[PDB]
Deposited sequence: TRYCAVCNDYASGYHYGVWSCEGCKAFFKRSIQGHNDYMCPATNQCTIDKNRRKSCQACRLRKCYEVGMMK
């Protein structure tokens, strides 16, 4: 009930079942809406305030890991 469970940025509220920022909220929104994300490395990127935009594959992976649901 404070920080984003996905990128650890200031979370706005409870979105999709986890406390998240508007960024991760919108991201999951679109991801479940319809999109192929490609990880530029080893499917183990560090998702945070300044890396979430870089890897969409690991960001989505994390969205699910932390509990977000459709």
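Judged by missing C-alpha atoms, the one gap in the deposited chain sequence falls at residues 36.
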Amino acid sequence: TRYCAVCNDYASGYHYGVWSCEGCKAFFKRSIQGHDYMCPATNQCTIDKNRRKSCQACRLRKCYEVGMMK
From here on, numbers count along this sequence of modelled residues.
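For the segment pair 11-19 and 56-64, the entry gives 11-19 the higher mean B-factor, averaged over Cα atoms. Two stretches are in play, 22-30 and 40-48, and the higher mean C-alpha B-factor belongs to 22-30.
In the PDB entry, residue 4 places in the middle third of its chain by CA B-factor.
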